[PDB]
Amino acid sequence: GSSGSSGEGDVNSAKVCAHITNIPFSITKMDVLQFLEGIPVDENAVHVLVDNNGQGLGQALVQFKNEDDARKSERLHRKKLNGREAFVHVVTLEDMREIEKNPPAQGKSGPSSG
């Protein structure tokens, strides 16, 4: 879908990130790396979140090089991890950087604020 003739070039607003939510804070980056078994990604590519206690709110942001790896990571959407449903949303790097620094305010994926 051309989506309007603008002009290709340097990665601009490209989907090269995937946010994983609805996961148990019991697991750590290490475990997460196992869930993505099959895709060629580095450990530093996945940034796990943490809270005052460290456990974390149960979320992580993955950063891939190109969509070639993203389109594949998004294929595991709505997957079961440790007996818990997981939601993977694809977003542009920019969005990832913003979130990583300042996580969601309200949150929609899973029960965050009762």
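Convex hull over the alpha-carbon atoms of the chain: what's its volume per residue in Å³? Before the final figure, lay out each step's value.
On the way: hull volume 15.0 nm³, N = 114.
Measuring per residue, one finds 131 Å³ for the Cα hull of the chain.
When the helices of the chain are scored as -39500 (n - 2.57) per DSSP H run of n ≥ 4 and the total is divided over every residue, the value at 222 nm lands at -5500 deg cm²/dmol. Label reach from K15 (point 7 Å along Cα→C-beta): in the range 48-75, amide nitrogens under 16 Å belong to 62-75. Taking amide H positions as modeled 1.01 Å from N, with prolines and chain starts lacking one, the residues under 5 Å from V46 and 5 or more places away or on another chain are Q63.
Simple rule: put +1 on each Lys or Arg Cβ and -1 on each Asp or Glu Cβ in the chain, find the dipole, and look at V48, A86, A70; the Cα lying farthest toward the positive end is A86.
Relative contact order for the chain: 36 percent, from Cα pairs under 8 Å spaced at least 6 residues apart, divided by residue count.
Rank the residues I27, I20 as a footprinting-exposure proxy: fewest other Cβ atoms within 10 Å of their Cβ go first.
Numbers: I27 19, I20 26.
Fewest to most other Cβ atoms nearby, the residues stand as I27, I20.
Using the Cα centre as the reference, give the magnitude of the dipole from point charges on the C-beta atoms of the range 1-81 (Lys, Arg: +1; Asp, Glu: -1; all else neutral), rounded to the nearest 20 debye. Can you show the working numbers first?
Details: 9 positive and 11 negative charges, 77 e Å.
It works out to roughly 380 debye.
Straight-line reach from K80: taking Cα to Cα under 20 Å and skipping same-chain neighbours fewer than 8 places apart, the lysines in range are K29, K72, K108.
Here the gap between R78 and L57, fully extended at 0.36 nm per residue and compared with their Cα-Cα distance, gives a gain of 5.7 nm. Under 5 Å from the amide H of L81 lie the amide H atoms of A86, each residue being 5 or more positions distant or on a separate chain, with H modelled from the backbone and absent for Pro and chain starts. Placing dummy labels 7 Å off each Cα toward the beta-carbon, the span from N66 to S2 is 2.3 nm. Loop sites here are GluC sites (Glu not before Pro) outside DSSP states H, G, I, E and B with no more than 16 other Cβ atoms within 10 Å. The longest part of the chain free of them is 44-114.
Arranged by the count of other C-beta atoms within 10 angstrom, fewest first, what order do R75, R84 take?
Numbers: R75 11, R84 14.
In order of increasing Cβ crowding within 10 Å: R75, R84.
When we count neighbours, we look across all protein chains shown, and the Cβ atoms used for this are built from the backbone with ideal geometry, even at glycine. Where a number appears in this text, it was derived from the coordinates with a stated rule and is not lab data.
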